[PDB]
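Colleague: Following this message is one structure expressed as structure tokens.
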Amino acid sequence: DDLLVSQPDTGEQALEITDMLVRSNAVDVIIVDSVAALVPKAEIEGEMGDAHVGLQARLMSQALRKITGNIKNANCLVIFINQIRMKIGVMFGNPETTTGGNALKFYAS
Amino acid sequence: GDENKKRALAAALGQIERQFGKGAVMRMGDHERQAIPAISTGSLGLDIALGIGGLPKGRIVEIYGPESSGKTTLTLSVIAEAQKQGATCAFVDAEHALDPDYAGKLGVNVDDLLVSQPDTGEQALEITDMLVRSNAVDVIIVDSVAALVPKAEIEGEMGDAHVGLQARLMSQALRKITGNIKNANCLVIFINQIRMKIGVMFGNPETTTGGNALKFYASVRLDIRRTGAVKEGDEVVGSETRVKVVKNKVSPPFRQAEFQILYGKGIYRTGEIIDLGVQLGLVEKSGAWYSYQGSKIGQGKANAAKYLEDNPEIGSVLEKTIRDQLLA
Amino acid sequence: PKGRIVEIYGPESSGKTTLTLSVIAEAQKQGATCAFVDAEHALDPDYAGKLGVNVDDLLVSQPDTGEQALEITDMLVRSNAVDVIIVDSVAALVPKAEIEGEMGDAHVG
Amino acid sequence: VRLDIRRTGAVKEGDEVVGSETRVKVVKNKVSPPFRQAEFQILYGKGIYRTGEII
DNA sequence: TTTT
DNA sequence: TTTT
DNA sequence: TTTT
DNA sequence: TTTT
Ligand SMILES: Nc1ncnc2c1ncn2[C@@H]1O[C@H](COP(=O)(O)OP(=O)(O)OP(O)(O)=S)[C@@H](O)[C@H]1O
Ligand SMILES: Nc1ncnc2c1ncn2[C@@H]1O[C@H](COP(=O)(O)OP(=O)(O)OP(O)(O)=S)[C@@H](O)[C@H]1O
């Protein structure tokens with residue numbers, strides 16, 4: 001009961017509401033699940049199988065860029081959830097590889 | 001003839017001196033320094049790679065590499081050396097991530113330091129410009145350039161197409177600030193992440209962020225790559241750091257150096273000095289058994305490091321000859 | 001060719017900067033009076049000296065503003081005493097109007 | 001007259017790198033036909049690798 | 001009179 | 001004036 | 001600015 | 001972003 005739910009149909013709306021609430025500074029812990037499940041609206045408007053490779057990364061990087069200062073301001077708790085995708089030519093090093101771009105781990109403390 | 005040309009040249013130079021002052025002509029003896037003033041990084045491998053034994057003053061330097069490569073804490077060694085020099089330094093971070101306890105473990109005096117938490121990138125730029133011109137600050141550190149965002153994108157919604165905007169403004173910023181940076185001989189570093197761009201299968205797949213003119217203005221660029229880590233027994237205690245010179249104007253490039261980075265303590269100076277001493281012939285080693293001056297100092301890096309830390313004078317004498325025989 | 005504008009462009013760090021120095025060395029060989037101005041304010045006199053050019057017989061410039069770079073270039077060219085004139089990093093040149101303006105202000109064109 | 005400069009490759013002697021191969025292509029001229037691109041090596045410190053091109 |  |  |  |  002003492003919890004606010006969200007059912008964001010599009011990832012962009014999830015980002016806008018997260019930004020609005022973090023700045024509200026009223027919320028104290030912020031939880032987003034299944035980052036990989038987030039989809040840019042450009043891919044939604046596109047058909048099935050269209051090549052929109054390397055699109056979610058730029059927008060999520062922009063989102064963290066915008067939100068990190070406010071997150072520091074409010075001392076809020078933000079977690080992220082990623083699945084595992086084994087990428088091509090990964091036989092050297094760790095075969096597992098995270099999703100959701102690359103700058104996420106750079107920003108994540 | 002020649003006297004007429006000399007007289008005309010002297011007249012023109014005198015007019016320039018009258019209008020602008022001493023800045024027309026370099027001082028024929030004072031403008032000539034045998035050695036360029038610089039700031040050592042605390043690792044002689046990096047310094048000898050730099051070819052001047054320290055980071056050049058008044059010149060932009062940039063570092064890029066894969067995420068979580070210890071570049072952030074790499075800057076802290078430079079901060080500690082600047083504090084050792086007593087130079088006034090300040091730190092600004094765009095990602096707004098900093099652990100003052102972590103830095104204090106690195107030995108840098110966090111108190112003698114100015115922090116910054118710039119909510120917008122434009123304010124980070126304005127404060128950097130204001131401080132550089134103050135000329136009071138001596139080393140300037142900006143982290144996570146990619147994390148910097150134009151205010152236009154902030155005012156815009158999520159997913160709006162503002163492509164090719166940060167580059168123009170950062171180019172303008174460097175354009176404005178480079179002259180002052182030369183004026184104050186201050187130390188400015190930049191931090192970039194790596195983004196693999198489209199259609200890059202030829203050449204190097206990796207590509208830096210933050211536009212393109214950055215590398216043009218930066219007088220020296222270093223690549224940092226995480227190759228391995230050192231594990232003592234079961235637990236992991238430090239990460240092996242590989243840094244390769246990728247651009248320089250004062251030294252030959254591609255002078256890559258190897259060194260270990262130990263958490264908390266910082267740079268594993270004893271290991272690198274031991275390695276270069278034994279490889280150069282200063283430190284004799286009968287095969288795998290480490291020794292010095294015919295004395296069984298110990299076997300293994302830890303024993304020699306312990307033997308060396310208790311006597312800083314011996315280490316200072318050992319390092320003094322290395323730079324002289326290599327740098328100069 | 002003499003008395004004619006010549007321009008060089010290319011990707012960053014392509015040795016164009018040191019490419020100019022060979023021209024400087026040849027001009028010095030001719031005994032022609034030459035001067036160098038750099039907008040990016042990056043120059044390694046040790047590096048150039050390694051290139052064989054006599055740095056002593058050379059006039060340096062460190063123009064804080066682009067307008068002053070232009071005024072000094074105009075003054076020297078008309079002096080007619082100088083014979084080869086080198087300006088580096090034209091893009092690094094900035095109008096004083098943009099200097100007086102804040103960060104991110106629209107001074108396009 | 002306008003010249004384009006492009007970094008194609010670099011010369012490596014043994015392990016270390018010592019110079020960069022420089023490709024310059026003529027892109028505009030009024031006294032000579034354009035597109036007379038030339039190949040030459042640039043060696044750090046020493047400068048232009050004149051012997052190689054003349055050979 | 002472009003600009004990334 | 002790129003960008004993933 | 002990757003992606004399976 | 002695996003695949004038999
Ligand atoms: N407080 C700390 N305690 C223990 N180890 C630390 C601490 N801070 C950093 N490290 C270690 O130091 C190494 C690099 O971390 P830092 O230099 O502090 O940050 P950074 O990774 O360089 O910054 P990035 O890469 O841009 S996220 C890693 O091996 C970390 O585990
Ligand atoms: N002092 C130096 N020591 C060693 N190599 C140098 C030195 N200065 C320049 N180089 C090399 O010369 C080549 C081109 O560098 P420079 O001509 O000096 O500068 P530049 O790169 O032309 O100027 P830019 O491209 O506008 S940053 C590169 O291969 C550099 O590694």
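Residue names in the structure tokens use chain letters A, B, ... in the order shown, residue numbers from 1 in each chain, and ligand numbers from 1 in the order shown.
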What are the nearest atom pairs, with distances in Å to one decimal, for all residues of chain A that come at most 6 Å from chain F, using only C-alpha atoms (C1' of nucleotides), set out by chain and rising residue number as JSON lines?

Modeller:
{"residue": "A:54", "atom": "CA", "partner": "F:4", "partner_atom": "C1'", "distance": 4.5}
{"residue": "A:55", "atom": "CA", "partner": "F:4", "partner_atom": "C1'", "distance": 5.6}
{"residue": "A:58", "atom": "CA", "partner": "F:4", "partner_atom": "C1'", "distance": 5.1}

Colleague: I need the chosen residues saved as an mmCIF file, in the first residue's frame, with N, CA, C and O atoms.

Modeller:
data_model
loop_
_atom_site.group_PDB
_atom_site.id
_atom_site.type_symbol
_atom_site.label_atom_id
_atom_site.label_comp_id
_atom_site.auth_asym_id
_atom_site.auth_seq_id
_atom_site.Cartn_x
_atom_site.Cartn_y
_atom_site.Cartn_z
ATOM 1 N N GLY A 54 22.012 0.090 -31.885
ATOM 2 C CA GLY A 54 22.695 1.206 -31.257
ATOM 3 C C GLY A 54 21.837 2.435 -31.060
ATOM 4 O O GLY A 54 22.299 3.553 -31.320
ATOM 5 N N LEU A 55 20.599 2.259 -30.613
ATOM 6 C CA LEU A 55 19.707 3.375 -30.321
ATOM 7 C C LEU A 55 19.372 3.514 -28.848
ATOM 8 O O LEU A 55 19.392 4.627 -28.322
ATOM 9 N N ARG A 58 22.288 5.285 -26.629
ATOM 10 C CA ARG A 58 22.500 6.728 -26.616
ATOM 11 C C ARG A 58 21.477 7.412 -25.719
ATOM 12 O O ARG A 58 21.818 8.308 -24.933
#

Colleague: Report as an mmCIF file with N, CA and C atoms, in the first residue's frame which protein, DNA and RNA residues come within 6 Å of ligand 2, using only C-alpha atoms (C1' of nucleotides) and all ligand atoms.

Modeller:
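And here's pocket-v6.cif as it stands now:
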data_model
loop_
_atom_site.group_PDB
_atom_site.id
_atom_site.type_symbol
_atom_site.label_atom_id
_atom_site.label_comp_id
_atom_site.auth_asym_id
_atom_site.auth_seq_id
_atom_site.Cartn_x
_atom_site.Cartn_y
_atom_site.Cartn_z
ATOM 1 N N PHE B 216 42.411 17.066 -31.277
ATOM 2 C CA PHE B 216 43.202 18.062 -31.985
ATOM 3 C C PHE B 216 43.833 19.046 -31.014
ATOM 4 N N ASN B 248 51.400 12.239 -28.630
ATOM 5 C CA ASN B 248 52.219 13.181 -27.886
ATOM 6 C C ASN B 248 52.862 14.145 -28.868
ATOM 7 N N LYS B 249 53.192 15.335 -28.369
ATOM 8 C CA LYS B 249 53.941 16.307 -29.149
ATOM 9 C C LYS B 249 55.363 16.502 -28.651
ATOM 10 N N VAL B 250 55.660 16.102 -27.415
ATOM 11 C CA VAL B 250 56.999 16.275 -26.867
ATOM 12 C C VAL B 250 57.791 14.978 -26.838
ATOM 13 N N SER B 251 57.137 13.834 -26.983
ATOM 14 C CA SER B 251 57.807 12.550 -26.903
ATOM 15 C C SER B 251 57.280 11.621 -27.982
ATOM 16 N N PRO B 252 58.080 10.649 -28.406
ATOM 17 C CA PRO B 252 57.585 9.642 -29.341
ATOM 18 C C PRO B 252 56.391 8.908 -28.765
ATOM 19 N N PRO B 253 55.394 8.615 -29.581
ATOM 20 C CA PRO B 253 54.189 7.947 -29.094
ATOM 21 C C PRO B 253 54.424 6.448 -28.949
ATOM 22 N N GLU C 12 42.293 14.918 -37.299
ATOM 23 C CA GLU C 12 43.138 15.387 -36.214
ATOM 24 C C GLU C 12 44.378 14.508 -36.072
ATOM 25 N N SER C 13 45.452 15.124 -35.575
ATOM 26 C CA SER C 13 46.702 14.423 -35.281
ATOM 27 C C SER C 13 47.236 13.702 -36.515
ATOM 28 N N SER C 14 47.211 14.390 -37.649
ATOM 29 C CA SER C 14 47.731 13.847 -38.891
ATOM 30 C C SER C 14 49.102 14.398 -39.249
ATOM 31 N N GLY C 15 49.796 15.031 -38.307
ATOM 32 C CA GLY C 15 51.112 15.565 -38.585
ATOM 33 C C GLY C 15 51.128 16.769 -39.495
ATOM 34 N N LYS C 16 49.969 17.372 -39.759
ATOM 35 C CA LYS C 16 49.937 18.609 -40.529
ATOM 36 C C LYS C 16 50.743 19.696 -39.832
ATOM 37 N N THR C 17 50.642 19.749 -38.503
ATOM 38 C CA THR C 17 51.367 20.743 -37.728
ATOM 39 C C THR C 17 52.861 20.656 -38.003
ATOM 40 N N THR C 18 53.439 19.464 -37.848
ATOM 41 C CA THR C 18 54.850 19.290 -38.159
ATOM 42 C C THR C 18 55.114 19.329 -39.656
ATOM 43 N N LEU C 19 54.093 19.088 -40.480
ATOM 44 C CA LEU C 19 54.266 19.263 -41.916
ATOM 45 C C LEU C 19 54.622 20.702 -42.245
ATOM 46 N N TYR C 47 60.510 19.999 -30.057
ATOM 47 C CA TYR C 47 60.104 19.146 -31.168
ATOM 48 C C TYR C 47 60.503 19.762 -32.502
ATOM 49 N N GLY D 19 57.540 6.014 -36.940
ATOM 50 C CA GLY D 19 57.070 7.033 -37.859
ATOM 51 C C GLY D 19 55.705 6.674 -38.396
ATOM 52 N N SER D 20 55.056 7.669 -38.990
ATOM 53 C CA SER D 20 53.710 7.509 -39.519
ATOM 54 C C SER D 20 53.723 7.750 -41.020
ATOM 55 N N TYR D 44 59.351 10.624 -37.070
ATOM 56 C CA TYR D 44 59.350 11.554 -35.953
ATOM 57 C C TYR D 44 60.760 12.045 -35.651
ATOM 58 N N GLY D 45 60.843 13.286 -35.183
ATOM 59 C CA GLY D 45 62.120 13.897 -34.882
ATOM 60 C C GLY D 45 62.858 14.320 -36.132
#

Colleague: If you count only C-alpha atoms (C1' of nucleotides) and all ligand atoms, which residues end up within 8 Å of ligand 1, as number ranges by chain?

Modeller: A: 105-109; B: 66-76, 99, 101-103, 105, 143-144, 237-239, 261-264, 266

Colleague: What would the file look like if the residues just selected were written as a tab-separated table (two decimals), in the first residue's frame with N, CA, C and O atoms?

Modeller:
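Saved as part-v7.tsv:
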chain	number	residue	atom	x	y	z
A	105	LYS	N	27.60	1.09	-16.63
A	105	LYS	CA	28.58	0.66	-15.64
A	105	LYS	C	29.55	1.78	-15.30
A	105	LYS	O	30.06	1.83	-14.17
A	106	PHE	N	29.82	2.67	-16.25
A	106	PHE	CA	30.67	3.81	-15.95
A	106	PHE	C	30.02	4.71	-14.91
A	106	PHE	O	30.67	5.15	-13.96
A	107	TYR	N	28.73	4.99	-15.07
A	107	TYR	CA	28.04	5.86	-14.12
A	107	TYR	C	27.72	5.15	-12.81
A	107	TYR	O	27.69	5.80	-11.76
A	108	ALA	N	27.48	3.84	-12.85
A	108	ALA	CA	27.10	3.12	-11.65
A	108	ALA	C	28.27	3.05	-10.69
A	108	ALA	O	29.35	2.57	-11.04
A	109	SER	N	28.07	3.53	-9.46
A	109	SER	CA	29.15	3.56	-8.49
A	109	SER	C	29.43	2.18	-7.91
A	109	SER	O	30.50	1.98	-7.32
B	66	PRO	N	38.09	1.74	-21.53
B	66	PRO	CA	36.87	1.05	-21.12
B	66	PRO	C	36.46	1.45	-19.71
B	66	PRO	O	37.28	1.85	-18.88
B	67	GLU	N	35.16	1.33	-19.45
B	67	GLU	CA	34.61	1.72	-18.16
B	67	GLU	C	35.27	0.95	-17.03
B	67	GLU	O	35.73	-0.18	-17.19
B	68	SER	N	35.30	1.58	-15.85
B	68	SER	CA	35.81	0.96	-14.63
B	68	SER	C	37.23	0.46	-14.81
B	68	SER	O	37.58	-0.66	-14.42
B	69	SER	N	38.07	1.28	-15.43
B	69	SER	CA	39.47	0.95	-15.63
B	69	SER	C	40.39	1.66	-14.65
B	69	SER	O	41.60	1.71	-14.88
B	70	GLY	N	39.85	2.23	-13.57
B	70	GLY	CA	40.68	2.90	-12.59
B	70	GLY	C	41.26	4.21	-13.06
B	70	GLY	O	42.16	4.75	-12.40
B	71	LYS	N	40.80	4.74	-14.19
B	71	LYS	CA	41.24	6.06	-14.63
B	71	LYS	C	40.89	7.12	-13.58
B	71	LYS	O	41.69	8.03	-13.31
B	72	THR	N	39.71	6.98	-12.98
B	72	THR	CA	39.27	7.93	-11.96
B	72	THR	C	40.29	8.01	-10.83
B	72	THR	O	40.79	9.09	-10.51
B	73	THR	N	40.64	6.86	-10.25
B	73	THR	CA	41.65	6.85	-9.21
B	73	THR	C	43.05	7.11	-9.76
B	73	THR	O	43.94	7.52	-9.01
B	74	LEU	N	43.25	6.89	-11.06
B	74	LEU	CA	44.53	7.27	-11.66
B	74	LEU	C	44.76	8.76	-11.54
B	74	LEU	O	45.89	9.20	-11.28
B	75	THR	N	43.71	9.56	-11.73
B	75	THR	CA	43.85	11.00	-11.57
B	75	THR	C	44.28	11.37	-10.15
B	75	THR	O	45.00	12.36	-9.95
B	76	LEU	N	43.86	10.59	-9.16
B	76	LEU	CA	44.13	10.94	-7.77
B	76	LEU	C	45.62	10.93	-7.45
B	76	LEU	O	46.07	11.69	-6.60
B	99	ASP	N	34.34	9.29	-3.94
B	99	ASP	CA	34.41	8.72	-2.60
B	99	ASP	C	35.57	9.37	-1.86
B	99	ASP	O	36.72	8.93	-1.99
B	101	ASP	N	36.41	9.16	1.16
B	101	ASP	CA	37.09	8.13	1.93
B	101	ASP	C	38.06	7.34	1.05
B	101	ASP	O	39.19	7.06	1.46
B	102	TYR	N	37.62	6.98	-0.16
B	102	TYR	CA	38.48	6.25	-1.08
B	102	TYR	C	39.71	7.07	-1.44
B	102	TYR	O	40.84	6.56	-1.39
B	103	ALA	N	39.52	8.34	-1.78
B	103	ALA	CA	40.65	9.21	-2.11
B	103	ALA	C	41.56	9.40	-0.91
B	103	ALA	O	42.79	9.42	-1.05
B	105	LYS	N	42.10	7.28	1.40
B	105	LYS	CA	42.90	6.07	1.44
B	105	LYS	C	44.07	6.15	0.46
B	105	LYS	O	45.11	5.53	0.69
B	143	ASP	N	36.09	15.07	-14.91
B	143	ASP	CA	35.86	13.65	-15.12
B	143	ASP	C	34.57	13.47	-15.91
B	143	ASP	O	33.66	14.30	-15.84
B	144	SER	N	34.52	12.38	-16.67
B	144	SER	CA	33.32	11.96	-17.38
B	144	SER	C	32.80	13.07	-18.29
B	144	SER	O	31.70	13.61	-18.12
B	237	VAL	N	42.91	-8.29	-4.76
B	237	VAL	CA	43.36	-7.11	-4.03
B	237	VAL	C	43.73	-5.94	-4.94
B	237	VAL	O	43.68	-4.79	-4.49
B	238	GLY	N	44.09	-6.18	-6.20
B	238	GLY	CA	44.47	-5.10	-7.08
B	238	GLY	C	44.28	-5.50	-8.52
B	238	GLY	O	44.14	-6.68	-8.85
B	239	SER	N	44.29	-4.50	-9.39
B	239	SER	CA	44.07	-4.70	-10.82
B	239	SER	C	45.30	-4.27	-11.59
B	239	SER	O	45.83	-3.18	-11.35
B	261	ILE	N	48.10	-1.63	-10.11
B	261	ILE	CA	47.38	-0.67	-9.28
B	261	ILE	C	46.72	-1.43	-8.14
B	261	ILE	O	45.86	-2.29	-8.37
B	262	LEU	N	47.11	-1.10	-6.92
B	262	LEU	CA	46.60	-1.77	-5.72
B	262	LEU	C	45.57	-0.88	-5.06
B	262	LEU	O	45.81	0.31	-4.84
B	263	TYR	N	44.41	-1.46	-4.74
B	263	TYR	CA	43.32	-0.69	-4.17
B	263	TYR	C	43.71	-0.12	-2.81
B	263	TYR	O	44.50	-0.71	-2.06
B	264	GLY	N	43.17	1.05	-2.50
B	264	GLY	CA	43.47	1.73	-1.26
B	264	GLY	C	44.84	2.37	-1.29
B	264	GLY	O	44.96	3.60	-1.25
B	266	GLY	N	47.12	2.37	-3.78
B	266	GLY	CA	47.27	3.11	-5.01
B	266	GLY	C	48.23	2.50	-6.01
B	266	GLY	O	48.03	1.37	-6.48

Colleague: Mind checking which residues fall within 12 Å of residue 15 of chain D, counting only C-alpha atoms (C1' of nucleotides), ignoring those fewer than 3 positions away in the same chain, and posting them as JSON, numbers by chain?

Modeller: {"B": [254, 255, 256], "D": [11, 12, 18]}

Colleague: Pull out every residue of chain B that has at least one atom within 10 Å of chain E, counting only C-alpha atoms (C1' of nucleotides), and report them as a list in words.

Modeller: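 Those within range of chain E come out as residues 162, 163, 164, 165, 166, 167, 168, 169, 171 and 211 of chain B.
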
Colleague: Could you please determine the separation between atom CA of residue 6 of chain D and atom CA of residue 64 of chain C in Å, to one decimal place?

Modeller: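 Separation between atom CA of residue 6 of chain D and atom CA of residue 64 of chain C: 29.5 Å.
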
Colleague: Smallest atom-to-atom distance to chain B: which of C:100, C:67, C:57, C:44, using only C-alpha atoms?

Modeller: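 Going through C:100, C:67, C:57, C:44 one by one, the smallest distance to chain B is for C:44.
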
Colleague: Compile the contact shell of residue 39 of chain D as a list in words: residues with an atom at most 9 Å away, counting only C-alpha atoms (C1' of nucleotides), same-chain residues fewer than 4 positions apart removed.

Modeller: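 Result of the neighbour search: residues 21, 22, 23, 24, 25 and 53 of chain D.
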
Colleague: I need the strand (DSSP E) residues of chain D per DSSP on the backbone, written as a PyMOL selection string.

Modeller: chain D and resi 2-12+17-28+38-43+47-48

Colleague: Got time to write the residues from that selection, N, CA, C and O atoms, as a compact mmCIF listing (two decimals), in the first residue's frame?

Modeller:
# COMPACT_ATOMS: atom_id res chain seq x y z
N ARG D 2 44.53 23.94 -52.50
CA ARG D 2 44.10 23.22 -51.32
C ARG D 2 44.58 21.78 -51.39
O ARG D 2 44.46 21.13 -52.44
N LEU D 3 45.07 21.28 -50.26
CA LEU D 3 45.60 19.93 -50.15
C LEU D 3 44.89 19.20 -49.02
O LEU D 3 44.66 19.76 -47.95
N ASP D 4 44.56 17.93 -49.27
CA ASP D 4 44.00 17.05 -48.26
C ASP D 4 45.10 16.15 -47.73
O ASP D 4 45.91 15.64 -48.51
N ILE D 5 45.12 15.96 -46.42
CA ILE D 5 46.07 15.08 -45.76
C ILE D 5 45.29 14.00 -45.01
O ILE D 5 44.34 14.31 -44.29
N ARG D 6 45.68 12.75 -45.22
CA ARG D 6 45.00 11.62 -44.60
C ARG D 6 46.03 10.67 -44.02
O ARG D 6 47.04 10.37 -44.66
N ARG D 7 45.78 10.20 -42.80
CA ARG D 7 46.62 9.21 -42.15
C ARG D 7 46.14 7.83 -42.57
O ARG D 7 45.06 7.39 -42.18
N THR D 8 46.94 7.15 -43.39
CA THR D 8 46.61 5.81 -43.84
C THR D 8 47.26 4.75 -42.97
O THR D 8 46.58 3.87 -42.42
N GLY D 9 48.58 4.81 -42.83
CA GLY D 9 49.30 3.84 -42.04
C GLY D 9 50.50 4.43 -41.33
O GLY D 9 50.73 5.64 -41.38
N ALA D 10 51.25 3.58 -40.64
CA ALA D 10 52.47 4.00 -39.96
C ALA D 10 53.51 2.91 -40.11
O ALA D 10 53.19 1.73 -40.25
N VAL D 11 54.77 3.32 -40.08
CA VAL D 11 55.90 2.41 -40.20
C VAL D 11 56.33 1.97 -38.81
O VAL D 11 56.49 2.81 -37.90
N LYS D 12 56.45 0.66 -38.61
CA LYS D 12 56.88 0.09 -37.35
C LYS D 12 58.17 -0.68 -37.57
O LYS D 12 58.22 -1.59 -38.40
N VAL D 17 57.05 1.71 -32.53
CA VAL D 17 56.64 2.52 -33.67
C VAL D 17 57.53 3.75 -33.72
O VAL D 17 57.84 4.35 -32.68
N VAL D 18 57.98 4.12 -34.92
CA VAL D 18 58.93 5.20 -35.07
C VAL D 18 58.45 6.30 -36.01
O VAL D 18 58.90 7.45 -35.89
N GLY D 19 57.54 6.01 -36.94
CA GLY D 19 57.07 7.03 -37.86
C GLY D 19 55.70 6.67 -38.40
O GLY D 19 55.25 5.53 -38.30
N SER D 20 55.06 7.67 -38.99
CA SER D 20 53.71 7.51 -39.52
C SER D 20 53.72 7.75 -41.02
O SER D 20 54.29 8.74 -41.49
N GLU D 21 53.10 6.84 -41.77
CA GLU D 21 52.96 7.04 -43.20
C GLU D 21 51.89 8.08 -43.48
O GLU D 21 50.76 7.97 -42.99
N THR D 22 52.24 9.09 -44.27
CA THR D 22 51.36 10.22 -44.54
C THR D 22 50.95 10.20 -46.01
O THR D 22 51.80 10.15 -46.90
N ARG D 23 49.64 10.26 -46.25
CA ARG D 23 49.10 10.34 -47.59
C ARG D 23 48.47 11.71 -47.79
O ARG D 23 47.55 12.08 -47.05
N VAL D 24 48.96 12.45 -48.78
CA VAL D 24 48.44 13.77 -49.10
C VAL D 24 47.94 13.74 -50.53
O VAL D 24 48.66 13.31 -51.44
N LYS D 25 46.71 14.21 -50.73
CA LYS D 25 46.08 14.22 -52.04
C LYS D 25 45.71 15.65 -52.40
O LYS D 25 45.06 16.34 -51.61
N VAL D 26 46.15 16.09 -53.57
CA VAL D 26 45.79 17.42 -54.05
C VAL D 26 44.29 17.46 -54.29
O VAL D 26 43.72 16.57 -54.94
N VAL D 27 43.63 18.48 -53.76
CA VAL D 27 42.19 18.61 -53.92
C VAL D 27 41.80 19.87 -54.70
O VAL D 27 40.70 19.90 -55.27
N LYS D 28 42.66 20.88 -54.76
CA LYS D 28 42.36 22.04 -55.59
C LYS D 28 43.66 22.73 -55.97
O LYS D 28 44.56 22.84 -55.14
N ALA D 38 50.19 12.14 -53.61
CA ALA D 38 51.55 11.66 -53.42
C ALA D 38 51.66 10.87 -52.13
O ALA D 38 50.94 11.11 -51.16
N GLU D 39 52.57 9.90 -52.14
CA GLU D 39 52.82 9.03 -50.99
C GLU D 39 54.18 9.36 -50.42
O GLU D 39 55.14 9.60 -51.17
N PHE D 40 54.28 9.37 -49.09
CA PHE D 40 55.55 9.64 -48.44
C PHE D 40 55.44 9.28 -46.97
O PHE D 40 54.36 9.30 -46.38
N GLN D 41 56.59 8.95 -46.37
CA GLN D 41 56.68 8.58 -44.97
C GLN D 41 57.18 9.76 -44.16
O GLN D 41 58.03 10.53 -44.62
N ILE D 42 56.65 9.91 -42.95
CA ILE D 42 57.07 10.96 -42.04
C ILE D 42 57.64 10.31 -40.79
O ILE D 42 56.93 9.60 -40.07
N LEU D 43 58.91 10.57 -40.52
CA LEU D 43 59.62 9.98 -39.39
C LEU D 43 59.73 11.02 -38.28
O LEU D 43 60.15 12.15 -38.53
N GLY D 47 61.90 13.97 -39.35
CA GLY D 47 60.99 14.69 -40.22
C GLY D 47 60.58 13.93 -41.47
O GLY D 47 59.97 12.86 -41.40
N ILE D 48 60.89 14.50 -42.64
CA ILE D 48 60.47 13.93 -43.90
C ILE D 48 61.42 12.82 -44.32
O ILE D 48 62.65 12.96 -44.23

Colleague: Atom CA of residue 6 of chain C and atom CA of residue 89 of chain C are how many Å apart?

Modeller: 13.9 Å

Colleague: Could you tell me, as a VMD selection string, which residues of segment 21-93 of chain A DSSP assigns to alpha helix (DSSP H) when given the backbone?

Modeller: chain A and resid 21 to 24 41 to 45 56 to 74

Colleague: Give me, as a VMD selection string, all polymer residues having an atom no more than 8 Å from residue 43 of chain B, counting only C-alpha atoms (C1' of nucleotides) and skipping those fewer than 6 positions away in the same chain.

Modeller: chain B and resid 267 269 272

Colleague: Would you mind reading off the distance between atom CA of residue 220 of chain B and atom CA of residue 35 of chain C, one decimal, in Å?

Modeller: 24.5 Å

Colleague: Quick one: everything within 10 Å of residue 292 of chain B, counting only C-alpha atoms (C1' of nucleotides), minus sequence neighbours fewer than 4 positions away in the same chain. Send it as a list in words.

Modeller: residues 277, 278, 282, 283, 284, 285, 286, 296, 297, 298 and 304 of chain B

Colleague: Could the residues in this selection be written to a file with C-alpha atoms, as a PDB file, in the first residue's frame?

Modeller:
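Final output, out10.pdb:
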ATOM      1  CA  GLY B 277      66.045  -1.942 -12.328  1.00  0.00           C
ATOM      2  CA  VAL B 278      66.483  -5.655 -12.970  1.00  0.00           C
ATOM      3  CA  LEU B 282      70.922  -2.030 -11.951  1.00  0.00           C
ATOM      4  CA  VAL B 283      69.439  -4.879  -9.888  1.00  0.00           C
ATOM      5  CA  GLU B 284      71.041  -8.295 -10.350  1.00  0.00           C
ATOM      6  CA  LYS B 285      68.895 -11.439 -10.226  1.00  0.00           C
ATOM      7  CA  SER B 286      70.371 -14.947 -10.439  1.00  0.00           C
ATOM      8  CA  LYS B 296      69.672 -11.966  -0.785  1.00  0.00           C
ATOM      9  CA  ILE B 297      67.042  -9.271  -0.354  1.00  0.00           C
ATOM     10  CA  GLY B 298      64.316 -11.860  -0.872  1.00  0.00           C
ATOM     11  CA  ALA B 304      61.524  -7.002  -1.867  1.00  0.00           C
TER      12      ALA B 304
END

Colleague: So that I can see what lies close to residue 45 of chain C, please list as number ranges by chain the residues with an atom at most 7 Å from it, counting only C-alpha atoms (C1' of nucleotides) and leaving out residues fewer than 3 positions away in the same chain.

Modeller: C: 48-49, 55

Colleague: Write the residues you've just listed into a file as a PDB file, in the first residue's frame, and include N, CA, C and O atoms for each of them.

Modeller:
ATOM      1  N   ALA C  48      60.224  21.055 -32.680  1.00  0.00           N
ATOM      2  CA  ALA C  48      60.595  21.730 -33.918  1.00  0.00           C
ATOM      3  C   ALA C  48      62.107  21.772 -34.092  1.00  0.00           C
ATOM      4  O   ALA C  48      62.616  21.596 -35.203  1.00  0.00           O
ATOM      5  N   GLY C  49      62.839  22.013 -33.006  1.00  0.00           N
ATOM      6  CA  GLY C  49      64.289  22.003 -33.089  1.00  0.00           C
ATOM      7  C   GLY C  49      64.825  20.651 -33.504  1.00  0.00           C
ATOM      8  O   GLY C  49      65.821  20.561 -34.225  1.00  0.00           O
ATOM      9  N   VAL C  55      64.557  27.651 -34.404  1.00  0.00           N
ATOM     10  CA  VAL C  55      63.500  28.315 -33.662  1.00  0.00           C
ATOM     11  C   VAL C  55      63.879  29.745 -33.302  1.00  0.00           C
ATOM     12  O   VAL C  55      62.996  30.603 -33.179  1.00  0.00           O
TER      13      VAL C  55
END

Colleague: Please return, as a list in words, all residues of chain B lying within 9 Å of chain A when only C-alpha atoms are considered.

Modeller: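 Putting it all together, I get residues 66, 67, 68, 94, 95, 96, 97, 98, 117, 118, 119, 120, 144, 146, 147, 148, 149, 153, 154, 157, 158, 159, 160, 193, 194, 195, 197 and 198 of chain B.
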